[PDB]
Amino acid sequence: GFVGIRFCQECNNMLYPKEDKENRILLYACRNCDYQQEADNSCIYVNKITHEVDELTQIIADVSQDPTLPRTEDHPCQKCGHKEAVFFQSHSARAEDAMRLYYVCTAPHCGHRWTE
Amino acid sequence: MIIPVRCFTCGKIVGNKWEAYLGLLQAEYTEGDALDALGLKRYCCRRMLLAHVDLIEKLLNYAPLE
Amino acid sequence: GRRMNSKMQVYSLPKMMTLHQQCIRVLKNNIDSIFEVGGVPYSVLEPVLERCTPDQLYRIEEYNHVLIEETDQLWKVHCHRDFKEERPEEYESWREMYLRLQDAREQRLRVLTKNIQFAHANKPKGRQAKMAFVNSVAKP
Amino acid sequence: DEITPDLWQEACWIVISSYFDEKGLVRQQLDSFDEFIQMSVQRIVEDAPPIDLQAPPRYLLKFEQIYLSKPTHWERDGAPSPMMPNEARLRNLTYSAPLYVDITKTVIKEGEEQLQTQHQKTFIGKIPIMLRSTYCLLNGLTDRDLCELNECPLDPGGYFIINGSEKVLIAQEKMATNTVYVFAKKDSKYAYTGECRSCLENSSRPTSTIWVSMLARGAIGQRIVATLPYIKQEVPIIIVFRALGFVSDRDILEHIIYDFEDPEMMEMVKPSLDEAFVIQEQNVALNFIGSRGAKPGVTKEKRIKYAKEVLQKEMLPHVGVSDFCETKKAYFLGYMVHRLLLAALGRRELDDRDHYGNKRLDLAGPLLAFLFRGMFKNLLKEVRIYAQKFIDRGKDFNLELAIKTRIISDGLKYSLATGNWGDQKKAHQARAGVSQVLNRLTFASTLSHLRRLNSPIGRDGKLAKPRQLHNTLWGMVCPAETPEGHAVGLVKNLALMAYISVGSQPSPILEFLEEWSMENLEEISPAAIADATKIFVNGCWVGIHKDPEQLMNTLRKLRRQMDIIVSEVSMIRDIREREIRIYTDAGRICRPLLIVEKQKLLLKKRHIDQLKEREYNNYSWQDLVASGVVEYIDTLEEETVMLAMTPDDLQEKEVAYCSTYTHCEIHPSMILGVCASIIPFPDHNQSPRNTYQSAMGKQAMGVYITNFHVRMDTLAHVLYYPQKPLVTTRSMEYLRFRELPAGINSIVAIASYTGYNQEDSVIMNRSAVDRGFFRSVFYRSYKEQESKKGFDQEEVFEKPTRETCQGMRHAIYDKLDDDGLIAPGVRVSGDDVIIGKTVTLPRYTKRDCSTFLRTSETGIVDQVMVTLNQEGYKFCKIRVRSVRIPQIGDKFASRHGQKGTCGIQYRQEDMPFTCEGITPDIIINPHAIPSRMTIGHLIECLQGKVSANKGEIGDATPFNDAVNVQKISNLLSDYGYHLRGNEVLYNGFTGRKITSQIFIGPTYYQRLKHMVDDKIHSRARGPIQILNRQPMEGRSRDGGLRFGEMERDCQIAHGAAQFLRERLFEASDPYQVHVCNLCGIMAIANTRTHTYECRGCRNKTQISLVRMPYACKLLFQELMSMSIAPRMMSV
DNA sequence: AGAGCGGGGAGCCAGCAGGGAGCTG
RNA sequence: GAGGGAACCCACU
DNA sequence: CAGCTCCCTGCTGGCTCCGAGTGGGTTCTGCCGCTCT
Ligand SMILES: [Zn+2]
Ligand SMILES: [Zn+2]
Ligand SMILES: [Zn+2]
Ligand SMILES: [Zn+2]
């Protein structure tokens, strides 16, 4: 999927990808100082176009306490089996295409979120 | 401001009935029974005593210039 | 001249509920209406007590005293829910330390209210316009 | 004990009556002015820097405790007197109180100690005092004490008296400050921008706005730049973070991106990092910013100082204006970039400009504070100029000569008099209409004007978004009351129980947050931010908290018992984005709601019982606020509450909609304003008709104030017999409408009779009108003073004799007395003279400048008042009284937007009659109802018939299940009438029964100010304008009507060329010029000696007479002034 | 010496800076 | 038997 | 064949328009200090 940034350790800054042809490998070489670092993953730039299927990481579980969010009893939790859940929709521009309900368990300390 | 002399719609004299209406109200008549005791049978006169605002009592609180 | 008026939370209890499930879910919808359970143990009263609030546990434990020694584990359920940054020391049941923490917190709230009320109005001086009443002839 | 549903209507109207017994209707104006006088003026005086003048000895001038007197008048004798408001109204005085400040001057001399001189209570100007505020003379007076002062106890106050004119300050909707707002700019180089109108709290200084924008795609990616204040180009945001003192990249990205496992935030900050890579040092970044400032520097050191002071005092002033505050300012800038990234990723949603959570309301307080800030800065500038001019040469300055007391006085007077808000020298850029002449036409006009809001948006804007009825106006702003025409949706009115927050100090909230487990931003690692809830106080990010349940519950518990959190403090929790925002600033509009906990009201029967005896428990609304029962909720906090419309919503339903209601409405009919709460059954009407009635209830005629005899208003309308409505709402008790009513209950038959009521007209009863039905008086007051214009021009009130006075309008002066004024009781006509003023010119020494009556206005002089104005001249006001009998063409309206003109008047024997001999007072057309859909009119007629038969006063509160059409129909059938209000009417002309049965009943009609005799106009010939020699403007100047361009187009399409010439040439401005036949320029033409001569050609025989409009000659001469030659060639 | 004079949107057009072609010595 | 302009605000259809 | 010339296109800045007709009101010109007796 998405690969994170790499940070220099000496001057506390960003690293940058580079290809060293001596070993013909990929190193993350800072360009404020002389720090170098070999790369665990070869993926440098990565993009998602229709890979927006996972709205669940943007959902935080705290929304179970919202008094304005709708509660249902017909969708029990899988983790703890509580009857109460809150259901809503994903509200991004990249979720105008869908009206999928996302559910969050109402009970404290559970925090399980699901769809359908 | 002050009670009209006549009912607007028909012309029944209602100018002599405001103080009687207030005295009947402070005698704990209901407004319908107070209007009925004054002989106001058409609702055109009953609105004339019922909806009256007697502003002249409050205009008499101001000290006279003349 | 009646006005039609009603709302509905759209969607998409179809459940085989037997005796114990019906009893526990009735109690899970009317928790607060319990005066005294009689002589019921903790194991059968396990689920509804989990879905319960510490004021209701206080009311039950002051009405059903003999149950307190079998409620203490559930109090840790409250403790890690509310006072998660704490551990009890030696010889500390969770119920009495939970009530000690609650009483200490509400007393700290009262002390803070008292302090901030005196240390913001009665202690300092806020600069304000006062009546002059000079009748000065500075402006003639 | 829970309030059972049979007692709930009484309970909610009891708590509403308690609210309107304590707070009143103009509370927001009085509160803002009181907080301005007590706190804001002193803050402005103290926060002004001390004057440090050195030529040399050094003078330090410090300003200290201010002192404000009561409103006093000083005559020409100089003796102070207490100024009553009626004296200020009559004598055209400005109702102002003198403002005295304490000044300390310290002298510093070479080798010598200080010298401190205490000018205690130095006069620096006069503050105009708002009526019935704390510092007014009418404060604390009872109704008897107000009537002894010839004041009205029903008069709300809330206005100023400037030159005898009552001025109201209209509240202005500004954008909310200190809050990050992200919008997608329409068709711009930035895809998303994030602004913060930053302003440091409790300090009147202009807001400094910083933009954090993200560029459009069509380089590698998306670049975030920063439009700083006073930096005229777009600095990249990483360079701003470097200039704040952050060389590293984990520093900057920990300030921006709080969770480091999130990749998309990093992939969008990557272009902004990689575009600003070449700048790596703090002072290098400072140079890069300061090189593109408004004032560049040739020296690098000067540029470093410039960028440091810009980022110190101008960029985000609210988070910090002082040193060592780089971490809090940098966290807030990172929060702005974070919100920009969240909105650009789509994770968060764009802000709404029309949401009144995003808008504050500048009332009289903040507006007068802005004025007084500018004017005190001007006063200090004048003092420093005077004292520097002295200590340049002279030994010392006396300070009372340096204090220009006209600055504060005349500046406040000018801005409150003209409405051009700001300074007079910049009037073209000053916002107008902030101060308006208070509408005194009826009491509803006065209250509506005193509760008025204004969007500072141009009224020519074709975009509809600020004009739309936004969803967030519920309960704060009236949904019906708005003007028609160019200001629809921009000028608004408050709802009845809406209260605008007056302002509070953020401090005690900040100490409470410090001692309630909030970790400050200055003492945390950023790694703790990613799962903790950020806390904002007045838009200032002050820390984070890890238990937001207990913090929000603790804060709400404190606010509900009038502890540390005062009642107007707004506390919003955004759960989805992990934020707690606390707003204490002024301008937030809020309303009280009942608190619902566990699906039960906290308002129980004991509160209602205690409020039932409000006079003898000293129980009031404030005790309900202290009891944790009611709660003030504003617009942002209303986004997080779950409202119940009625307590019936709290009851369990077969289809349960919500079981987590947080608050409940007191009564939904408090979404309406003052003028929309007069409408009976507003919910049965179409909403344009509600808006029309909100407009026309301000033009109705009634008794506008109780002391109308004392007042000399320019225009006043008083109804002979105003009646309270038979069909009232329960909100009409708190508008005092049954004490100053503005209409009469007519007997209205909705019938087709003789055709004279068609197309909105009405047919009135001539016999009813003869008995005083809708009869009124129009009072007009004329003012005139003996102005002394130098030594020569001495205007004096003398009765003019033709033997010594010139420049007359040739009218009789016989009704004037020998003091030059007319006397009360004299009939006057449109040509007559009421004031005889003569001016002395350098035989006819005197010129007649007599004040004449208005044209075609019959009347009788009601009062003459003679006084001295502020300048000591003789000043007179004459009130003329004209009795206006209802007439064909007078505009009458009901309370449902059924306006119309009287089309005919029939006598009693001519109007149709019921079997009881009841003839209608008004007949309206049936066709006025169907497309209008004013069913509230029909129900008002039905309910008024029931109320007039029963003797009750009918209740028509909008949302009331206890009143419905079937109940009223059964009640009407119980009195021997047809249940649907129809009656068998007989034709008045023939006696025959009308085949249809006519819907007749008592309906509350009001007479509008738009009388036909105040609008009829005609002209044959008369006054022409000076410049273009065309007829004048308006019927007041005997002017002509405009035959505009579309009339010209219509007469072109008619083909009527000669009528077009008559209108556009003969009937406007015929003229003849003489034109040279060679050059075409207009030529000199002595028509006395027949000497026609054209210079430039030396032509004397070939000159032609050309007929033109005079405006064509004026145009051609303006063109020849413009170095253009229109050569009018006759061949 | 007081009296009096002085000092917002929307949409179209025009000029200039970038191309890409052709041209000549 | 005819001696101000301008700015602004409100209102009307 | 490299550098110069010479016309298509892209950009930014400048410019001009924004319904018709009516009442009524207030407030401003004008802004104050001087040099001469
Ligand atoms: Zn490095
Ligand atoms: Zn669960
Ligand atoms: Zn009658
Ligand atoms: Zn010529």
# chains A, B, ... in the order shown; residues from 1 in each chain; ligands from 1
$ select_by_dssp --residues "segment 513-722 of chain D" --states "alpha helix (DSSP H)" --output "PyMOL selection string"
chain D and resi 513-514+548-560+605-611+614-617+621-626+687-696
$ write_last_selection --atoms "C-alpha atoms" --output "CSV table (one decimal), in the first residue's frame"
chain,number,residue,atom,x,y,z
D,513,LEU,CA,-8.5,23.9,32.8
D,514,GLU,CA,-5.0,24.2,34.3
D,548,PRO,CA,-13.2,14.4,27.3
D,549,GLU,CA,-16.3,12.7,28.8
D,550,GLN,CA,-15.5,13.9,32.3
D,551,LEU,CA,-14.1,17.2,31.2
D,552,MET,CA,-17.2,18.1,29.1
D,553,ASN,CA,-19.5,16.8,31.9
D,554,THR,CA,-17.6,18.8,34.5
D,555,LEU,CA,-17.7,21.9,32.4
D,556,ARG,CA,-21.4,21.6,31.7
D,557,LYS,CA,-22.0,20.9,35.4
D,558,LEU,CA,-20.1,24.1,36.3
D,559,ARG,CA,-22.0,26.2,33.8
D,560,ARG,CA,-25.4,24.8,34.9
D,605,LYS,CA,-43.7,21.1,38.9
D,606,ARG,CA,-41.9,22.7,41.8
D,607,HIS,CA,-40.3,25.2,39.5
D,608,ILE,CA,-43.6,26.0,37.9
D,609,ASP,CA,-45.2,26.4,41.3
D,610,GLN,CA,-42.4,28.8,42.4
D,611,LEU,CA,-42.7,30.8,39.2
D,614,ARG,CA,-42.9,35.4,41.1
D,615,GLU,CA,-43.9,38.5,43.1
D,616,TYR,CA,-43.8,36.8,46.5
D,617,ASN,CA,-41.0,34.3,46.3
D,621,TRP,CA,-35.7,33.3,35.4
D,622,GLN,CA,-32.2,33.6,36.9
D,623,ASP,CA,-33.1,31.1,39.6
D,624,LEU,CA,-34.1,28.7,36.8
D,625,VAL,CA,-30.7,29.3,35.2
D,626,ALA,CA,-29.1,28.7,38.6
D,687,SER,CA,-44.5,32.0,4.2
D,688,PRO,CA,-44.4,35.0,1.8
D,689,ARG,CA,-47.6,36.2,3.5
D,690,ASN,CA,-45.9,35.9,6.9
D,691,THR,CA,-43.0,38.0,5.6
D,692,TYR,CA,-45.4,40.5,4.1
D,693,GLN,CA,-47.2,40.9,7.4
D,694,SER,CA,-43.9,41.2,9.2
D,695,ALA,CA,-43.2,44.1,6.8
D,696,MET,CA,-46.7,45.7,7.1
$ residues_near_ligand --ligand "ligand 2" --cutoff "8 Å" --atoms "only C-alpha atoms (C1' of nucleotides) and all ligand atoms" --output "JSON, numbers by chain"
{"A": [76, 77, 78, 79, 80, 81, 82, 85, 104, 105, 106, 107, 110, 111, 112]}
$ residues_around --residues "residue 1129 of chain D" --least-positions-apart "6" --cutoff "8 Å" --atoms "only C-alpha atoms (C1' of nucleotides)" --output "PyMOL selection string"
chain D and resi 1077-1080
$ write_last_selection --atoms "N, CA and C atoms" --output "PDB file, in the first residue's frame"
ATOM      1  N   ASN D1077     -24.129  78.394 -39.517  1.00  0.00           N
ATOM      2  CA  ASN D1077     -24.389  77.513 -40.646  1.00  0.00           C
ATOM      3  C   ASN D1077     -23.120  76.956 -41.271  1.00  0.00           C
ATOM      4  N   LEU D1078     -21.944  77.450 -40.879  1.00  0.00           N
ATOM      5  CA  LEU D1078     -20.678  76.962 -41.411  1.00  0.00           C
ATOM      6  C   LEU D1078     -20.008  75.969 -40.470  1.00  0.00           C
ATOM      7  N   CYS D1079     -19.773  76.369 -39.222  1.00  0.00           N
ATOM      8  CA  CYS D1079     -18.982  75.558 -38.306  1.00  0.00           C
ATOM      9  C   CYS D1079     -19.823  74.638 -37.439  1.00  0.00           C
ATOM     10  N   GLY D1080     -21.100  74.949 -37.242  1.00  0.00           N
ATOM     11  CA  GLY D1080     -21.973  74.115 -36.446  1.00  0.00           C
ATOM     12  C   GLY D1080     -21.921  74.350 -34.952  1.00  0.00           C
TER      13      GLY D1080
END
$ closest_residue --among "A:91, A:31, A:24, A:18" --to "ligand 1" --atoms "only C-alpha atoms and all ligand atoms"
A:31
$ interface_residues --of "chain D" --to "chain C" --cutoff "9 Å" --atoms "only C-alpha atoms" --output "compact mmCIF listing (two decimals) with N, CA, C and O atoms, in the first residue's frame"
# COMPACT_ATOMS: atom_id res chain seq x y z
N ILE D 37 -19.55 50.76 28.41
CA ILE D 37 -19.27 51.87 29.30
C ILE D 37 -18.42 51.42 30.48
O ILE D 37 -17.42 52.06 30.82
N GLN D 38 -18.79 50.31 31.11
CA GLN D 38 -18.09 49.88 32.32
C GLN D 38 -16.70 49.36 32.01
O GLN D 38 -15.72 49.75 32.66
N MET D 39 -16.58 48.48 31.03
CA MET D 39 -15.33 47.76 30.80
C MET D 39 -14.55 48.22 29.57
O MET D 39 -13.33 48.31 29.64
N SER D 40 -15.22 48.50 28.45
CA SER D 40 -14.50 48.67 27.20
C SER D 40 -13.78 50.01 27.11
O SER D 40 -12.67 50.07 26.58
N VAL D 41 -14.40 51.08 27.61
CA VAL D 41 -13.78 52.40 27.55
C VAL D 41 -12.51 52.43 28.39
O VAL D 41 -11.48 52.96 27.97
N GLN D 42 -12.56 51.84 29.59
CA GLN D 42 -11.39 51.80 30.46
C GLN D 42 -10.29 50.93 29.86
O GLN D 42 -9.11 51.28 29.96
N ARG D 43 -10.65 49.82 29.23
CA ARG D 43 -9.67 48.99 28.55
C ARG D 43 -9.00 49.73 27.40
O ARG D 43 -7.80 49.61 27.19
N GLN D 65 -7.64 55.74 35.70
CA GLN D 65 -9.07 55.55 35.97
C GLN D 65 -9.95 56.61 35.33
O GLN D 65 -9.77 57.81 35.55
N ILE D 66 -10.91 56.15 34.53
CA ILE D 66 -11.87 57.03 33.87
C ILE D 66 -13.05 57.26 34.79
O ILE D 66 -13.35 56.45 35.67
N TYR D 67 -13.73 58.38 34.59
CA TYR D 67 -14.90 58.74 35.37
C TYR D 67 -15.98 59.20 34.41
O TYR D 67 -15.72 60.04 33.55
N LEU D 68 -17.17 58.64 34.55
CA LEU D 68 -18.29 58.99 33.69
C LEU D 68 -19.41 59.56 34.55
O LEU D 68 -19.83 58.91 35.52
N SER D 69 -19.87 60.75 34.21
CA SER D 69 -20.95 61.38 34.95
C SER D 69 -22.30 60.90 34.42
O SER D 69 -22.38 59.99 33.60
N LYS D 70 -23.37 61.50 34.91
CA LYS D 70 -24.68 61.32 34.32
C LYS D 70 -24.84 62.31 33.18
O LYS D 70 -24.05 63.25 33.05
N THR D 72 -25.60 65.44 31.51
CA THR D 72 -25.80 66.79 31.99
C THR D 72 -25.78 67.76 30.82
O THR D 72 -25.11 67.53 29.81
N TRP D 74 -25.05 71.79 29.83
CA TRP D 74 -24.46 73.08 30.18
C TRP D 74 -25.02 74.12 29.23
O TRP D 74 -24.87 74.00 28.01
N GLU D 75 -25.66 75.15 29.78
CA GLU D 75 -26.21 76.23 28.97
C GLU D 75 -25.09 77.19 28.59
O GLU D 75 -23.91 76.92 28.78
N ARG D 76 -25.46 78.35 28.04
CA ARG D 76 -24.46 79.38 27.78
C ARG D 76 -23.96 80.03 29.06
O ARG D 76 -22.87 80.60 29.07
N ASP D 77 -24.74 79.95 30.15
CA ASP D 77 -24.27 80.44 31.44
C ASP D 77 -23.22 79.53 32.05
O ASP D 77 -22.51 79.95 32.97
N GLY D 78 -23.10 78.29 31.58
CA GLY D 78 -22.14 77.35 32.11
C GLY D 78 -22.59 76.57 33.32
O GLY D 78 -21.82 75.75 33.83
N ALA D 79 -23.82 76.78 33.79
CA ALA D 79 -24.30 76.06 34.96
C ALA D 79 -24.73 74.65 34.57
O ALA D 79 -25.55 74.48 33.66
N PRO D 80 -24.19 73.61 35.21
CA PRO D 80 -24.62 72.24 34.90
C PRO D 80 -26.05 71.99 35.38
O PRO D 80 -26.49 72.52 36.40
N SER D 81 -26.76 71.16 34.63
CA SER D 81 -28.09 70.71 35.02
C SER D 81 -28.27 69.26 34.58
O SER D 81 -27.67 68.84 33.58
N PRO D 98 -20.47 63.48 30.30
CA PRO D 98 -19.04 63.81 30.18
C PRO D 98 -18.16 62.70 30.73
O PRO D 98 -18.46 62.10 31.76
N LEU D 99 -17.06 62.45 30.04
CA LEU D 99 -16.10 61.41 30.39
C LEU D 99 -14.85 62.07 30.93
O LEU D 99 -14.15 62.78 30.20
N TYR D 100 -14.56 61.84 32.20
CA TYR D 100 -13.40 62.40 32.87
C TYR D 100 -12.35 61.32 33.05
O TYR D 100 -12.67 60.23 33.52
N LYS D 121 -9.45 63.72 37.02
CA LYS D 121 -10.75 63.92 36.39
C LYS D 121 -10.69 65.00 35.30
O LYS D 121 -11.34 66.04 35.38
N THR D 122 -9.89 64.72 34.28
CA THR D 122 -9.73 65.62 33.15
C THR D 122 -10.79 65.34 32.10
O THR D 122 -10.94 64.20 31.64
N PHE D 123 -11.53 66.37 31.70
CA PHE D 123 -12.58 66.24 30.71
C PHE D 123 -11.96 65.99 29.34
O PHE D 123 -11.13 66.78 28.87
N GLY D 125 -14.15 64.57 26.66
CA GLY D 125 -15.21 64.44 25.68
C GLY D 125 -16.49 63.97 26.34
O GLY D 125 -16.56 63.76 27.54
N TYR D 135 -26.23 54.08 32.85
CA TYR D 135 -25.77 55.44 33.02
C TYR D 135 -26.74 56.47 32.47
O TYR D 135 -26.36 57.62 32.26
N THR D 405 -11.11 68.25 23.40
CA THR D 405 -12.32 67.56 23.82
C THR D 405 -13.33 67.40 22.70
O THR D 405 -14.30 66.66 22.87
N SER D 507 -10.27 34.02 31.46
CA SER D 507 -9.29 33.61 32.47
C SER D 507 -9.77 32.51 33.41
O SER D 507 -9.12 31.45 33.42
N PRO D 508 -10.89 32.64 34.15
CA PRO D 508 -11.22 31.60 35.16
C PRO D 508 -11.42 30.23 34.56
O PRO D 508 -11.09 29.22 35.20
N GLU D 511 -7.71 29.00 34.37
CA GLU D 511 -7.21 28.38 35.60
C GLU D 511 -7.90 27.06 35.90
O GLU D 511 -7.25 26.10 36.34
N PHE D 512 -9.22 26.97 35.66
CA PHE D 512 -9.89 25.70 35.91
C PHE D 512 -9.35 24.60 35.00
O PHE D 512 -9.17 23.46 35.44
N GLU D 515 -5.94 23.41 36.38
CA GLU D 515 -6.08 22.49 37.50
C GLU D 515 -7.10 21.38 37.27
O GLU D 515 -7.55 20.75 38.23
N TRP D 516 -7.46 21.09 36.02
CA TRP D 516 -8.29 19.92 35.75
C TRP D 516 -7.68 19.02 34.68
O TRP D 516 -8.34 18.67 33.70
N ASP D 547 -9.39 12.73 28.80
CA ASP D 547 -10.70 12.24 29.23
C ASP D 547 -11.74 13.30 28.90
O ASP D 547 -12.08 14.14 29.75
N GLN D 550 -15.42 13.24 31.00
CA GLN D 550 -15.46 13.85 32.32
C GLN D 550 -15.16 15.34 32.25
O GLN D 550 -15.73 16.11 33.02
N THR D 554 -17.95 17.86 33.43
CA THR D 554 -17.57 18.77 34.51
C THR D 554 -17.82 20.22 34.12
O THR D 554 -18.34 21.00 34.92
N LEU D 558 -20.48 22.77 35.80
CA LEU D 558 -20.11 24.08 36.33
C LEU D 558 -20.96 25.19 35.72
O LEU D 558 -21.38 26.11 36.44
N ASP D 563 -21.35 28.59 38.33
CA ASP D 563 -20.00 28.59 38.87
C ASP D 563 -19.07 29.26 37.87
O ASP D 563 -19.51 30.12 37.10
N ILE D 564 -17.78 28.91 37.94
CA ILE D 564 -16.67 29.43 37.14
C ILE D 564 -17.05 29.69 35.69
O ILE D 564 -16.68 30.72 35.12
N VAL D 655 -42.44 3.68 16.97
CA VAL D 655 -41.27 3.79 16.10
C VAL D 655 -40.38 4.85 16.74
O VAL D 655 -40.56 6.05 16.50
N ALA D 656 -39.44 4.41 17.57
CA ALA D 656 -38.64 5.33 18.38
C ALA D 656 -37.62 6.04 17.50
O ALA D 656 -36.70 5.41 16.97
N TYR D 657 -37.78 7.36 17.36
CA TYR D 657 -36.88 8.14 16.52
C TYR D 657 -35.56 8.40 17.23
O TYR D 657 -34.48 8.15 16.67
N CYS D 658 -35.62 8.91 18.45
CA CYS D 658 -34.41 9.17 19.22
C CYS D 658 -34.70 8.96 20.69
O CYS D 658 -35.78 9.31 21.17
N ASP D 961 -51.84 22.21 19.50
CA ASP D 961 -52.76 21.13 19.15
C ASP D 961 -54.13 21.32 19.78
O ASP D 961 -55.11 20.76 19.27
N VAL D 963 -56.00 23.83 19.69
CA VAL D 963 -56.83 24.67 18.85
C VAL D 963 -56.72 24.15 17.42
O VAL D 963 -55.62 24.06 16.86
N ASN D 964 -57.86 23.79 16.84
CA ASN D 964 -57.92 23.34 15.46
C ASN D 964 -59.25 23.79 14.88
O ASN D 964 -60.14 24.21 15.61
N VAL D 965 -59.36 23.69 13.56
CA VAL D 965 -60.51 24.26 12.85
C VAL D 965 -61.80 23.57 13.25
O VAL D 965 -62.85 24.20 13.38
N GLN D 966 -61.74 22.26 13.50
CA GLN D 966 -62.94 21.52 13.88
C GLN D 966 -63.44 21.92 15.27
O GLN D 966 -64.65 22.02 15.49
N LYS D 967 -62.52 22.15 16.21
CA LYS D 967 -62.90 22.60 17.54
C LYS D 967 -63.58 23.96 17.50
O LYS D 967 -64.61 24.17 18.14
$ residues_around --residues "residue 6 of chain B" --least-positions-apart "3" --cutoff "10 Å" --atoms "only C-alpha atoms (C1' of nucleotides)" --output "PyMOL selection string"
(chain B and resi 3+9-16+45+48) or (chain D and resi 768+771-772)
$ write_last_selection --atoms "C-alpha atoms" --output "PDB file, in the first residue's frame"
ATOM      1  CA  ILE B   3     -64.392  53.789  24.606  1.00  0.00           C
ATOM      2  CA  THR B   9     -70.955  48.115  12.807  1.00  0.00           C
ATOM      3  CA  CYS B  10     -74.502  48.849  13.947  1.00  0.00           C
ATOM      4  CA  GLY B  11     -74.525  52.046  15.992  1.00  0.00           C
ATOM      5  CA  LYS B  12     -75.608  50.743  19.387  1.00  0.00           C
ATOM      6  CA  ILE B  13     -74.517  53.065  22.179  1.00  0.00           C
ATOM      7  CA  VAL B  14     -71.538  51.466  23.913  1.00  0.00           C
ATOM      8  CA  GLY B  15     -69.925  54.585  25.388  1.00  0.00           C
ATOM      9  CA  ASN B  16     -72.003  54.346  28.565  1.00  0.00           C
ATOM     10  CA  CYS B  45     -70.877  45.156  20.169  1.00  0.00           C
ATOM     11  CA  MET B  48     -66.468  46.618  20.982  1.00  0.00           C
TER      12      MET B  48
ATOM     13  CA  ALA D 768     -68.816  52.693  10.306  1.00  0.00           C
ATOM     14  CA  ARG D 771     -68.546  56.489  13.715  1.00  0.00           C
ATOM     15  CA  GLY D 772     -64.759  56.618  13.996  1.00  0.00           C
TER      16      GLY D 772
END
$ closest_residue --among "B:52, B:58, B:17, B:42" --to "ligand 3" --atoms "only C-alpha atoms and all ligand atoms"
B:42
$ interface_residues --of "chain C" --to "chain A" --cutoff "8 Å" --atoms "only C-alpha atoms" --output "PyMOL selection string"
chain C and resi 9+13-14+81
$ write_last_selection --atoms "C-alpha atoms" --output "compact mmCIF listing (two decimals), in the first residue's frame"
# COMPACT_ATOMS: atom_id res chain seq x y z
CA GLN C 9 -34.71 6.46 11.78
CA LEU C 13 -35.80 -7.54 17.22
CA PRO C 14 -35.50 -10.65 14.96
CA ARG C 81 -13.05 2.50 32.24
$ interface_residues --of "chain D" --to "chain F" --cutoff "8 Å" --atoms "only C-alpha atoms (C1' of nucleotides)" --output "VMD selection string"
chain D and resid 418 to 420 432 to 433 436 to 437 809 to 810 1023
$ interface_residues --of "chain A" --to "chain D" --cutoff "6 Å" --atoms "only C-alpha atoms" --output "PyMOL selection string"
chain A and resi 4+12-13+67-68+92-93
$ residues_near_ligand --ligand "ligand 4" --cutoff "12 Å" --atoms "only C-alpha atoms (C1' of nucleotides) and all ligand atoms" --output "PyMOL selection string"
chain D and resi 1074-1084+1092-1104+1125+1127-1129
$ residues_around --residues "segment 13-20 of chain E" --least-positions-apart "3" --cutoff "12 Å" --atoms "only C-alpha atoms (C1' of nucleotides)" --output "MDAnalysis selection string"
chainID G and resid 6:16
$ residues_near_ligand --ligand "ligand 1" --cutoff "10 Å" --atoms "only C-alpha atoms (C1' of nucleotides) and all ligand atoms" --output "PyMOL selection string"
(chain A and resi 7-16+29-36) or (chain D and resi 248-249)
$ interface_residues --of "chain B" --to "chain D" --cutoff "6 Å" --atoms "only C-alpha atoms" --output "number ranges by chain"
B: 1, 8-9, 31-32, 43, 46-47, 51-53, 62
$ write_last_selection --atoms "C-alpha atoms" --output "CSV table (one decimal), in the first residue's frame"
chain,number,residue,atom,x,y,z
B,1,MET,CA,-57.8,55.4,23.7
B,8,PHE,CA,-68.9,50.8,14.5
B,9,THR,CA,-71.0,48.1,12.8
B,31,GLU,CA,-66.6,38.4,30.2
B,32,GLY,CA,-69.4,36.7,28.3
B,43,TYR,CA,-71.0,40.1,18.5
B,46,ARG,CA,-69.3,42.3,22.2
B,47,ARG,CA,-66.1,42.9,20.3
B,51,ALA,CA,-61.4,44.3,22.5
B,52,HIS,CA,-61.3,47.8,23.9
B,53,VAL,CA,-58.0,49.1,25.2
B,62,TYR,CA,-49.0,62.7,32.6
